[PDB]
Structures are given as structure tokens and as C-alpha cells.
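Structure file target_3.pdb (PDB, C-alpha atoms and all ligand atoms) follows.
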ATOM      1  CA  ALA K   1     -37.940-200.119 -18.524  1.00  0.00           C
ATOM      2  CA  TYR K   2     -35.036-197.669 -18.058  1.00  0.00           C
ATOM      3  CA  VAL K   3     -33.571-195.283 -20.653  1.00  0.00           C
ATOM      4  CA  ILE K   4     -30.383-193.213 -21.081  1.00  0.00           C
ATOM      5  CA  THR K   5     -30.335-189.390 -21.118  1.00  0.00           C
ATOM      6  CA  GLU K   6     -28.035-186.397 -21.829  1.00  0.00           C
ATOM      7  CA  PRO K   7     -25.354-187.123 -19.122  1.00  0.00           C
ATOM      8  CA  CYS K   8     -24.588-190.487 -20.834  1.00  0.00           C
ATOM      9  CA  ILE K   9     -23.232-188.642 -23.910  1.00  0.00           C
ATOM     10  CA  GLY K  10     -19.471-189.085 -23.347  1.00  0.00           C
ATOM     11  CA  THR K  11     -18.165-189.897 -26.865  1.00  0.00           C
ATOM     12  CA  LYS K  12     -18.741-193.669 -27.302  1.00  0.00           C
ATOM     13  CA  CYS K  13     -18.864-194.947 -23.707  1.00  0.00           C
ATOM     14  CA  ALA K  14     -19.340-198.768 -23.574  1.00  0.00           C
ATOM     15  CA  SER K  15     -19.746-199.867 -19.913  1.00  0.00           C
ATOM     16  CA  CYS K  16     -23.480-200.801 -20.092  1.00  0.00           C
ATOM     17  CA  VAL K  17     -22.785-203.431 -22.866  1.00  0.00           C
ATOM     18  CA  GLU K  18     -22.584-207.236 -22.248  1.00  0.00           C
ATOM     19  CA  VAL K  19     -23.779-207.049 -18.614  1.00  0.00           C
ATOM     20  CA  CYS K  20     -27.415-206.553 -19.687  1.00  0.00           C
ATOM     21  CA  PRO K  21     -29.436-209.853 -19.518  1.00  0.00           C
ATOM     22  CA  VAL K  22     -30.604-209.412 -23.148  1.00  0.00           C
ATOM     23  CA  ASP K  23     -27.844-207.010 -24.428  1.00  0.00           C
ATOM     24  CA  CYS K  24     -30.482-204.433 -25.528  1.00  0.00           C
ATOM     25  CA  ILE K  25     -27.950-201.564 -25.618  1.00  0.00           C
ATOM     26  CA  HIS K  26     -27.193-200.236 -29.123  1.00  0.00           C
ATOM     27  CA  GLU K  27     -24.830-197.877 -30.921  1.00  0.00           C
ATOM     28  CA  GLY K  28     -26.489-195.066 -32.828  1.00  0.00           C
ATOM     29  CA  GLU K  29     -22.993-193.558 -32.958  1.00  0.00           C
ATOM     30  CA  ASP K  30     -22.475-191.274 -29.935  1.00  0.00           C
ATOM     31  CA  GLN K  31     -23.479-193.671 -27.123  1.00  0.00           C
ATOM     32  CA  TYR K  32     -25.075-197.005 -26.186  1.00  0.00           C
ATOM     33  CA  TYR K  33     -28.896-196.597 -26.503  1.00  0.00           C
ATOM     34  CA  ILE K  34     -31.106-198.869 -24.362  1.00  0.00           C
ATOM     35  CA  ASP K  35     -34.252-200.231 -26.050  1.00  0.00           C
ATOM     36  CA  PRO K  36     -36.882-199.650 -23.291  1.00  0.00           C
ATOM     37  CA  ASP K  37     -39.167-202.102 -25.101  1.00  0.00           C
ATOM     38  CA  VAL K  38     -36.536-204.899 -24.946  1.00  0.00           C
ATOM     39  CA  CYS K  39     -35.213-203.908 -21.461  1.00  0.00           C
ATOM     40  CA  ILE K  40     -36.782-206.264 -18.868  1.00  0.00           C
ATOM     41  CA  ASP K  41     -36.254-203.644 -16.075  1.00  0.00           C
ATOM     42  CA  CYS K  42     -33.211-204.822 -14.060  1.00  0.00           C
ATOM     43  CA  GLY K  43     -30.705-203.243 -11.638  1.00  0.00           C
ATOM     44  CA  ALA K  44     -27.541-203.707 -13.782  1.00  0.00           C
ATOM     45  CA  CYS K  45     -26.813-201.115 -16.515  1.00  0.00           C
ATOM     46  CA  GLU K  46     -27.699-198.084 -14.289  1.00  0.00           C
ATOM     47  CA  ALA K  47     -25.495-199.428 -11.457  1.00  0.00           C
ATOM     48  CA  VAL K  48     -22.726-199.958 -14.041  1.00  0.00           C
ATOM     49  CA  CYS K  49     -23.121-196.475 -15.627  1.00  0.00           C
ATOM     50  CA  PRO K  50     -20.619-194.409 -13.532  1.00  0.00           C
ATOM     51  CA  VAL K  51     -22.896-191.321 -13.842  1.00  0.00           C
ATOM     52  CA  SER K  52     -26.278-192.715 -12.634  1.00  0.00           C
ATOM     53  CA  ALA K  53     -28.497-191.528 -15.551  1.00  0.00           C
ATOM     54  CA  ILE K  54     -30.326-194.619 -16.848  1.00  0.00           C
ATOM     55  CA  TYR K  55     -33.712-193.683 -15.312  1.00  0.00           C
ATOM     56  CA  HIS K  56     -37.238-194.956 -15.897  1.00  0.00           C
ATOM     57  CA  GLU K  57     -38.835-193.429 -18.963  1.00  0.00           C
ATOM     58  CA  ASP K  58     -41.421-191.704 -16.824  1.00  0.00           C
ATOM     59  CA  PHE K  59     -38.704-190.487 -14.410  1.00  0.00           C
ATOM     60  CA  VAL K  60     -36.744-188.844 -17.230  1.00  0.00           C
ATOM     61  CA  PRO K  61     -37.816-185.124 -17.380  1.00  0.00           C
ATOM     62  CA  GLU K  62     -40.142-184.099 -20.262  1.00  0.00           C
ATOM     63  CA  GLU K  63     -37.267-182.137 -21.899  1.00  0.00           C
ATOM     64  CA  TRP K  64     -35.379-185.453 -22.100  1.00  0.00           C
ATOM     65  CA  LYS K  65     -38.478-187.640 -22.743  1.00  0.00           C
ATOM     66  CA  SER K  66     -37.456-186.796 -26.342  1.00  0.00           C
ATOM     67  CA  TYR K  67     -34.722-189.418 -25.762  1.00  0.00           C
ATOM     68  CA  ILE K  68     -37.327-191.967 -24.593  1.00  0.00           C
ATOM     69  CA  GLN K  69     -39.110-191.463 -27.900  1.00  0.00           C
ATOM     70  CA  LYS K  70     -35.752-191.746 -29.728  1.00  0.00           C
ATOM     71  CA  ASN K  71     -34.798-194.902 -27.813  1.00  0.00           C
ATOM     72  CA  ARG K  72     -38.259-196.370 -28.578  1.00  0.00           C
ATOM     73  CA  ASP K  73     -38.086-195.322 -32.215  1.00  0.00           C
ATOM     74  CA  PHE K  74     -34.534-196.474 -33.000  1.00  0.00           C
ATOM     75  CA  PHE K  75     -35.419-200.167 -33.103  1.00  0.00           C
ATOM     76  CA  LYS K  76     -39.193-200.053 -33.738  1.00  0.00           C
ATOM     77  CA  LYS K  77     -38.927-199.019 -37.417  1.00  0.00           C
TER      78      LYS K  77
HETATM   79  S1  LIG K 101     -22.480-196.551 -19.274  1.00  0.00           S
HETATM   80 FE1  LIG K 101     -23.699-194.819 -19.146  1.00  0.00          FE
HETATM   81  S2  LIG K 101     -22.540-193.254 -20.122  1.00  0.00           S
HETATM   82 FE2  LIG K 101     -21.955-195.167 -20.894  1.00  0.00          FE
HETATM   83  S3  LIG K 101     -22.987-195.538 -22.694  1.00  0.00           S
HETATM   84 FE3  LIG K 101     -23.994-196.524 -21.043  1.00  0.00          FE
HETATM   85  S4  LIG K 101     -25.478-195.280 -20.301  1.00  0.00           S
HETATM   86 FE4  LIG K 101     -24.154-194.026 -21.512  1.00  0.00          FE
HETATM   87  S1  LIG K 102     -31.985-202.283 -17.122  1.00  0.00           S
HETATM   88 FE1  LIG K 102     -31.163-204.411 -17.423  1.00  0.00          FE
HETATM   89  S2  LIG K 102     -32.429-205.235 -19.007  1.00  0.00           S
HETATM   90 FE2  LIG K 102     -32.571-203.115 -19.025  1.00  0.00          FE
HETATM   91  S3  LIG K 102     -31.141-202.294 -20.467  1.00  0.00           S
HETATM   92 FE3  LIG K 102     -30.350-202.227 -18.422  1.00  0.00          FE
HETATM   93  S4  LIG K 102     -29.259-204.047 -18.096  1.00  0.00           S
HETATM   94 FE4  LIG K 102     -30.498-204.388 -19.851  1.00  0.00          FE
END
Written as C-alpha cells, that's how I'd like the structure from this file.
Amino acid sequence: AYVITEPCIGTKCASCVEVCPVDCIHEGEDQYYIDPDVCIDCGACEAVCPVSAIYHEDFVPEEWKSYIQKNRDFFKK
């Protein structure tokens, strides 16, 4: 499962939408948030993101693992 981080935050980007097999990218407001728990781990959204920042949750540095929790949380409750 891959998740967004910091470099994605470019005021309502929307490239990662529609292409995802199960469209598990969501607006909080600022960006499109991937649900790691719905993401079936696939080489689309990251390749589409013109920054290369949608990394595996474990790959995302601890500082930014906060986002993995947020991305989890958003849709869990
Ligand atoms: S394409 Fe990248 S920058 Fe844009 S919303 Fe998605 S993850 Fe963030
Ligand atoms: S990695 Fe694939 S399944 Fe996962 S959020 Fe991205 S496009 Fe959707």
C-alpha cells in the first residue's frame, strides 16, 4: 500500500484520480489522499504523480509517517 507525503501538497492537485483501479484517492481539501487500506498496491498513481512521492507506508520517513496515520485515519472513522 502506498501513501502520499509532504511534496504532494501543491494546492489541490488532481492527477492521481480516476487512473487508480479502485479510485481510493480522496479530497481532505489540500490534496488527494490515498487510503492505504483500500489501495491494492499498484504501479499507477506514483508513476502519474509528476513528483514521485507516493511511497510505501514503511518507506515514508517517521517524520512523515504522521501522514500514513492520517491517511489511515481519514476513512477508518
Ligand atoms: S498527483 Fe501527486 S501531487 Fe497530485 S494529488 Fe496526487 S499525489 Fe499529490
Ligand atoms: S497505488 Fe494503485 S491502487 Fe493504490 S492508490 Fe495508487 S493507483 Fe490506487
Local residues around (-22.3, -202.2, -13.5), at most 12 Å away, using only C-alpha atoms, as a PyMOL selection string: chain K and resi 14-20+42-52+54
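If you look at CA of residue 35 in chain K and CA of residue 72 in chain K, they are 6.1 Å away from each other.
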Interatomic distance, CA of residue 9 in chain K to CA of residue 67 in chain K (Å, one decimal):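 Distance between the two atoms: 11.7 Å.
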All file atoms of ligand LIG 101 (chain K) boxed axis-aligned, 8 Å per side, centre plus edges, as lines of an AutoDock Vina configuration file:
center_x = -23.7
center_y = -194.9
center_z = -20.9
size_x = 19.5
size_y = 19.3
size_z = 19.5
Test item: residues at most 9 Å from residue 2 in chain K, all atoms listed in the file, excluding those fewer than 5 positions along its chain, as a list in words: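 Skipping anything fewer than 5 positions along the chain leaves residues 34, 35, 36, 39, 40, 41, 42, 46, 54, 55, 56, 57, 58, 59 and 68 of chain K.
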Given the PyMOL selection byres (((chain K and resi 27) around 12) and not hetatm), the residues it picks as a list in words: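 Answer for the PyMOL selection byres (((chain K and resi 27) around 12) and not hetatm): residues 9, 11, 12, 13, 14, 16, 17, 23, 24, 25, 26, 28, 29, 30, 31, 32, 33, 34, 35, 71, 74 and 75 of chain K.
Considering all atoms listed in the file, the residue among K:73, K:63, K:37, K:6 positioned nearest to ligand LIG 101 (chain K) is K:6.
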Distance criterion (all atoms listed in the file): nearest to ligand LIG 102 (chain K) out of K:77, K:65, K:3, K:53: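 Closest to ligand LIG 102 (chain K), using all atoms listed in the file: K:3.
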Between CA of residue 21 in chain K and CA of residue 64 in chain K, distance in Å (one decimal): 25.2 Å
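Among the candidates K:38, K:8, K:60, K:22, the one nearest to ligand LIG 101 (chain K) when counting all atoms listed in the file is K:8.
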